[PDB]
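Inside the fold
Take a look at the letters that make up each chain.
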Amino acid sequence: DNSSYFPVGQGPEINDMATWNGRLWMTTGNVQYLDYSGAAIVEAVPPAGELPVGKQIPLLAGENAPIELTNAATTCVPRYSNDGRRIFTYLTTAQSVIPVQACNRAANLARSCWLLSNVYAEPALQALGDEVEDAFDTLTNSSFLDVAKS
Amino acid sequence: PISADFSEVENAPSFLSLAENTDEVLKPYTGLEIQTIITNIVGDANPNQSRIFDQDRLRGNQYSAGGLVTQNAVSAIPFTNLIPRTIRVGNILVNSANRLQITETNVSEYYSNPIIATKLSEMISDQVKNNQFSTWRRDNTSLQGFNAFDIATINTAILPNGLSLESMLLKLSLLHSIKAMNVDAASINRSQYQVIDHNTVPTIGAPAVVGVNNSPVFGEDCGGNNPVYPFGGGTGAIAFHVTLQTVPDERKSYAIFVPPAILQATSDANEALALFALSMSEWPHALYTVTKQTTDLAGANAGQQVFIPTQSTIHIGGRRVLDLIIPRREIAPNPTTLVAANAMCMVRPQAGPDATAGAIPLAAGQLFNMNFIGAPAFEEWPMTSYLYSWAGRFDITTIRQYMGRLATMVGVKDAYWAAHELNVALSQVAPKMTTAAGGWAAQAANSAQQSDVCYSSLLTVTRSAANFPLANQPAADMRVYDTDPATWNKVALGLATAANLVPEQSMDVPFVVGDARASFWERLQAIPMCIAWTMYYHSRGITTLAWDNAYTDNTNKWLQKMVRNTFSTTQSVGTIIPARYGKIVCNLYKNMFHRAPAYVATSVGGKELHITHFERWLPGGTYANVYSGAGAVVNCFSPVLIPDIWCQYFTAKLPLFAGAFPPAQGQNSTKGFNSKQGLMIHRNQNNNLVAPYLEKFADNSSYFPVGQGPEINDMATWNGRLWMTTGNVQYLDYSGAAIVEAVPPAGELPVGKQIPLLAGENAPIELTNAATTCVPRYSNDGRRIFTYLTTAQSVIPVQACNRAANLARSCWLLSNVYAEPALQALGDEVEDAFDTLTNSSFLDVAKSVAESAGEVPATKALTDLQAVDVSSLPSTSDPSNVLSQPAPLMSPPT
Amino acid sequence: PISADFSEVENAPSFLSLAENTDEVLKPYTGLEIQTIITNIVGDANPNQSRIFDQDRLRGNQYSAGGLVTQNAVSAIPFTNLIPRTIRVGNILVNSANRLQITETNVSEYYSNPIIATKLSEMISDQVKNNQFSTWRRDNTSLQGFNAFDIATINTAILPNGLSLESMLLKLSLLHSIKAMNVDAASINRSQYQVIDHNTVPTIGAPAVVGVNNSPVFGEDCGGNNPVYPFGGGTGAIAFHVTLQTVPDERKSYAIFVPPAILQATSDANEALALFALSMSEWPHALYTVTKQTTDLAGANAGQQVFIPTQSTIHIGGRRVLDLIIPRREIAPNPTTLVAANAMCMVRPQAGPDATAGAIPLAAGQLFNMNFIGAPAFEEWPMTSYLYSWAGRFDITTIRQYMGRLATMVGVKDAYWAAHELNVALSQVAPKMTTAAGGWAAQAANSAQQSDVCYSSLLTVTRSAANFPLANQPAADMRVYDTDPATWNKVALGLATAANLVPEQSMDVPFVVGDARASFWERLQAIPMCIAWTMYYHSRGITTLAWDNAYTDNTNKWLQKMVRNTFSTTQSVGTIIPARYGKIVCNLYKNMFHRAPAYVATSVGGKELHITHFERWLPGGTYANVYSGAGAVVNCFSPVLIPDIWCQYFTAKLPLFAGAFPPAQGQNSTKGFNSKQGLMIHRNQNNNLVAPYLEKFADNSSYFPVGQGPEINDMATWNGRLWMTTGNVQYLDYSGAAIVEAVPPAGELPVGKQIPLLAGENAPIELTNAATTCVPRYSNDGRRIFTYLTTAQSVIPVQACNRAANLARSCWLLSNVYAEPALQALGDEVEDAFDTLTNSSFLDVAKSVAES
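- Its PDB record attributes the structure to cryo-EM, giving the resolution as 2.95 Å.

Below is the structure:
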């Protein structure tokens, strides 16, 4: 509310939730990137409603291309302009009603997702080197173990 | 609320639980409960900054029965007050083919809070009695610029009833409701112009223009520049008097004083006089008009549409002619000469800034020629023309200050709020529904069906049958209190007081009275009213044709009772008594919204009872019914006005039979009640008709026994909704015979009104915008009605009642929230720094005035000393007391 | 107080601290001690004239922002009561082209302090009860001169209402302030004849003459020889009676007894009678006209010139016809023949020396033929004619005698003082300021803008729209109580008394009356009133349109409540209830001057309530607005009338946002408040717009939330003054777009009125003679207003607020303010030896000042 321009010596601060809301405004198909007053910023802007999206490669039989925003970047929410202005994500009023109620927990916004569950393994190897005992490694174990240290 | 799972609908409250008497205190319904859900504005905002021109719809995502999701789906706000007099047709705007709506009121005297004479009156009587020792006719009794012989006659023969002020406050609120259209287009809903005309589009840039007597068709202009009353067809008369003597004998009893306390502003006071005169003559004095620029759906063709406010067509009967008795500027001998009079009138009345024709023509700004004894001739003006001239000059902001001074004389908070409740109840209005399979429909342009409309109570609004002025009066729709000139004269001069009349501060005036948002806010206050009346009529199954003929019929004794008890037609001890089953709807309201309706007291023998607007309607009207897609009427349903998403998304708590169908979640979808609930399936001689699990009494009543009708049972009603919501129900007799009532083309249900879409919106799908709860059960001739399905159609739903199968349904994708009340006071107000700098002084001076009603610094102990013979002063032998009701004791047998 | 250093700015009181209620009883602020501020001024260029004719002006040395010095620069006293009716144009007298100003009043009943019966009236009523026939015999009379049947009939009434004397004393104060003008020319300062007309130079040699009905234009003469009421027209009526038996019924209850105490109050009883008759009829009875010889600025074009006093235009009372009852010389039954009537009365009423021509002409000094019981035809005089005869003989020392007698019969000490306050508050008047970049300006000669004027309350005066007599819809400016004839009759006969009617020693009459300096003291007493209203209006930044439209259609919620509590909206019966926010203005007055306004007690609900002229104004006026050169109206600023130095220099304490800028070129020159003070800048550099450090926004950044307006914050107002006092301020909104109010041509600020200079004086330089504190914050639209400078222009002031730079601004060299050298070759701080030798004495003076 109190910084169309950031004060010198200061810039935007970490705040996850406002960034989340910025992503919600962005992920609607029709955001507008503008000044505190609603003026255009100096930075070049995408053709309306577009977001950066991942690289195409040829398909194998049975594959499908990714749909909608399933292969896009979303988190890149601008806030600090080149000349020191804030950047705001705007929507027109009528476009604005469902998302605001979604922040108020009285409405829901549709989105796409991957249908993938979570797994994260304990580390596969301690050493940083692969190695397996052969039978001969066990036949000739102790001698190696002390000659090594020696 | 919306239900998330079948577990929630299965645990919803029973109807009888919500209709119980509730004893707790509750806050007024300000209409901001709905605002924080359908709008950007949570918390405060400036109306200019918010663009509530686009905040005029219910919006959300919808889920289909087939598994698709429709984003940005939409629904109209059902209610309105504007009536088009020029409809768009074929993209080209044209004159209306249909006559205007009308409404009637039954105004009358009733006992109010008990009334008592003040100290100032005792002092006056002692002044007279003391004056009787001297052969001098003297003027000790003058007050506030009035003649001593007038204060004497205003101090005589008080009326027990009490004082109301209600009809006054109605006329003021209706006027305000009309002038609130005059504000800029940015803060009136777009939809409000297109509830009835769905083919027009208003333009944001230009404000609406409020005129008078401009209408093109059916003689709606009431003589135009030369005016007459719209209903009586007559012309009034008004006369101003310095003193009561110049009033002709035919009407010295009807004279009203105009107290000096109004007109104390340095703001033009000649207008405040006109607005005092307007609030006591007959209403409407003319047909107001709202002209607004609009355009074609393609944006292509532009024009000026004409509208009639619903407030401007409701008839509050009263007084054609007025004698207004003006205060004197300087205490003086009565002005036998004219120059003594005019230079001594506290205000000298003159016509407002508009010309008028006909007999007694009035040039703009013309001055009234004062009446005084020995004048060459009597003078008066037609009042329709005198009011025609000021008609363009009132505005919201001046009504606010007017009522702000009016509050200082008499408390006006709770009374005004109740009058505003009557305002909303009689003026907000919605079009009849069209049956369909899908989510939208509307009647053909400029048809009779397009313009047919109903009240929040599910009663239809009557139409005129001939060109204005109307030759003949319509039946009364609702009954209101009247304001006596006599006890008005007593109360304005401090001579009398009652517990409801205690003076209040100018800040106590409720927020709607000032704001430009007020039109939108009135529009939002009528929804809970329909939700209450809807749950009422839908708890029982009685059909529209059956309510329509009920008051008289001799087929069934129960039905006659069921209608006779919903209207206010009873009395005792000379006062009105509230309708017996209106209290059910009131309780139903309090329990669902957790808010209290505004009420007013009636004194039955000194015992106060509360009347609400739920309890004061009168018999005569037709009940609300849907039309076919072709325009044919449909009788079979119970009365309906609005889609059930409104009923079920805006209540804190709800009846079980009316809950939303739960969202699909993995295996589960929707489910039905069975014999484990006490229900049982109906079967007949036919082997290809199946009816749901129903009551066990359903087995033993093809006809209801006389003295008895269908009973509340949520679960059977739920099953009836499950049979109905399949696309192919059949409405039939116990035997499978056709019922007499007209039925919809097969598989169709009533559905909400279409309006034009904004970019990015989608139309509602399937049954997302339909009414569902209107399940018929009681036929016009006394038969039950059954919902049937063929056997093969019947198998999945029955298993769904048995919890062994699931039924697909559509729903809104909306979560539940319901706020604690936004404001306690009923008035907005914020401390400024200066309010805190000057706090305590105001706090005690206020209380020192509230107790000061009818007080003067001189007390009886002082004015006794000046008296000749103190024992014979009436204040000594008659200490004053509050009058009892119906009347004070007289001639006791010792 | 003006400031020598910026240290004196930071340590100044906050506004809320002075708006706080104070308990201690204080003293009246008479113009006799305001007198000593104009005289006893610092300066070596100043000849200290002794005549009050020359002591009319604020003289002083001044110091430029560039560091030059200016000696004996001038600042005119703003107020006056004279409206010119013959403006000079082209250096010659020319008939005026502009209609006359008017004022009105809502007179009210006074139920406060209800009366008590005397034991005399008690025994009289007992005698009426027990039917004692003898006591009211036919020919019984008192030594008072009234017969007993009249007393027995006047006593029979019971009255709730008390007595006031407010409108009475007020009319006497008005006639006094008109008659004061006729005193020696040296006793009246010349600035007063050249506030509205800056091209006119009065002659000291010849006294102003006080005429009546001599005005040239717009029907002002009111018929000349045939006098008629200015307001509403018509003639009144007067009749003298020896008894209430003769007065026509339907007229009896209105007739006034005239006690012998009135008729022995002067050298000529007919004159005391005439003055009492003026005292309880309508005002003005005519339009009085001060005439004065004046000459050209070069002295080239002498002539008499006409002026209409402001006091003559206020309308009060207006009762039209009156019957007066008079004492009789002898104990005799009521007269039956005419000679038996004329010889009977204590004094036989007659016209004064001036003659009149009318349908009922009055020869000069004509005797009246007294009414009697058997009279064939009732006898009567025109009222305006009657008073017209005596209009030439009222005189301020005679009024002084009359006042000493009234003071003896009944109390007059306090009531006359409050009436005097109402007189000053209503009849003192200043022209609207013209905008400029420099020190002096005025509107073009003989123009509608030249004659626009405002009250001390910063409310514009109403102007008549048609020829006299007027026939208006009333537009009252403020309430007053009415003097009740019936209670006067109850008291004059000893039948009754009241708690404030206690008789006083004649020496206790307030010293203002009968003194020739009274006009000058009036002008002086007017200034502090403006200081309190000014500090009220300037604390919040509401524009002049937002006040002008605040009682009409264009209102808000907040403007609605805002105008509602400034004024006396409330109307309980028989009372005047004070404005809720008038109390704040009285608090400002008491804290900034350590003195108190006159009170009137008034009761509501048994609660006592003081009331002051601050609390009894009425809503619906138009506010002071600045003009552009060439006359265009501009209404962006909050309302103003007078230059800042008046405020800074008469006050003992002022709020922080109002102080004088410290002199240039010193260390601790003018600076500003920044982020630490809790403030934040609003940049808009994309459009070349940068604005000072301001209050942190509270959801009020571009539109104010409904029902709320800007908050008090001194430091932000100070910064706003710093932005304004640069030469190129720009009044825009949050986006940098234009606001609806009209705006000054760029760099202009309102500035004080020009008057001709005396020898050796200088025009004021730069911003020394200008309003500055009038900074906008709230527009009629409800939007915020911002004062912008371009990004380049805005860099030094931002460094100053940041306290890493100083700013250069002009100032008065008065009191302890000394000029600063360009170098500032500072040495070790050192107390001077003389300052230590004479320190205790300096403390003794200050202690003596604090004691008072």
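Overview of the overall build of chain A
- Secondary structure assignment for chain A yields four helices and two strands.
- Relative to the compact-globule value of 15 Å for 150 residues, chain A shows a C-alpha radius of gyration of 27 Å, a clear excess of over 25%.
- With respect to the principal axes defined by its C-alpha atoms, chain A has extents near 80 × 50 × 35 Å.
- Residues counted as buried form 24% of the 150 residues belonging to chain A.
- A separation threshold of at least 6 residues defines the contact pool for chain A, and within that pool the share at least 24 residues apart is 72%.
- For chain A, the accessible area works out to roughly 11400 Å², and carbon and sulfur atoms hold 57% of it.

Digging into the interface of chain B and chain C
- Between chain B and chain C, the contact holds 69 residues from the first and 71 residues from the second.
- Contact between chain B and chain C buries roughly 6500 Å² in total, counting both sides, with carbon and sulfur atoms accounting for 53%.
- Its largest share of buried area at the contact with chain C, chain B owes to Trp-136, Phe-834 and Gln-866 of chain B, together 12% of the area lost on that side.
- Scanning the region where chain B abuts chain C turns up four salt bridges.
- Here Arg-540 of chain C makes a salt bridge to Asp-832 of chain B, at a shortest N to O gap of 2.3 Å.
- Seen at the junction of chain B and chain C, the total is 22 residue pairs in polar contact.
- Where the side of chain B that touches chain C is concerned, the elements lending two or more residues are α4 (47-50), α5 (119-131), α11 (396-409), α23 (833-837), α24 (840-850) and α25 (860-863) of chain B.
- The element contributing the most residues to the side of chain B that touches chain C is α24 of chain B, with five residues.
- Residue classes in the side of chain B that touches chain C are distributed as 31 nonpolar, 23 polar and 15 charged.

Thoughts on the sheet that holds strand β30 (residues 811-812) of chain B
Residue and element names in this part refer to chain B.
- With antiparallel pairing, the three strands of this open sheet are ordered in space as β2-β1-β30. Of all the strands in the sheet, just β2 (69-76) and β30 have a single pairing partner and so form its edges.
- Across six bridges, the pairing between strand β1 (residues 57-63) and β2 is antiparallel. Residue pairing for β2: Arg-57 is matched across the bridge by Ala-76.

Quick look at the interface of chain B and chain A
- Taken together, the contact between chain B and chain A spans 21 residues of the former and 14 residues of the latter.
- Roughly 1300 Å² is buried in total at the junction of chain B and chain A, and carbon and sulfur atoms are behind 52% of that figure.
- It is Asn-40, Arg-59 and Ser-815 of chain B that lose the most area in chain B upon contact with chain A, and together they represent 34% of the buried surface on that side.
- The tally of links between chain B and chain A comes to zero salt bridges.
- Counting every contact that joins chain B to chain A gives four residue pairs in polar contact.
- Counting residues per element, the ones that place at least two in the side of chain B that touches chain A are β1 and β2 of chain B.
- Sorting elements by how many residues they give to the side of chain B that touches chain A places β1 of chain B first, with three residues.

Definitions and cut-offs
Note on numbering: residues are counted from 1 along each chain in the order of its written sequence, which can differ from the entry, and residues with no coordinates are hidden. Think of it this way: whatever chain is written first is A, whatever ligand is written first is 1, and the rest follow in order. What appears here is a fragment of a larger assembly, so each number quoted concerns just the fragment shown. Only hydrogens and water are removed before side-chain values are computed, so all heavy atoms of the structure are retained for them. The helix count covers DSSP runs of H or I at least four residues long, the strand count covers runs of E at least two residues long, and both are numbered beginning at the N terminus. For a compact globule the rule gives 2.2 Å times the number of residues to the power 0.38, and the radius of gyration it is set against comes from C-alpha atoms. Only protein chains enter the calculation, and the probe is 1.4 Å; a residue is then buried if its accessible area is under 20% of its type maximum, exposed if over 50%, and partly exposed in between. What makes two residues a contact is simply this: any of their non-hydrogen atoms within 4.5 Å. Methods summary: accessible areas were calculated by the Shrake-Rupley approach with a probe of 1.4 Å, and residue burial reflects only the protein chains presented. Each of two parts loses accessible area, computed with a 1.4 Å probe, when they are put together; buried area is these two losses added. The term salt bridge refers to a pairing of a side-chain nitrogen on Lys or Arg with a carboxyl oxygen on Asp or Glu at a separation within 4 Å. Contacts described as polar in this section are N or O atom pairs within 3.5 Å, which, within protein, must combine one atom able to donate a hydrogen with one able to accept it, while residues neighboring in sequence count only if both atoms come from side chains. Classification convention: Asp, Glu, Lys, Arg as charged; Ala, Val, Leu, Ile, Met, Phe, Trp, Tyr, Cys, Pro as nonpolar; all other residues, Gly among them, as polar. Note on pairing: DSSP must find at least two bridges between two strands before they are called paired.

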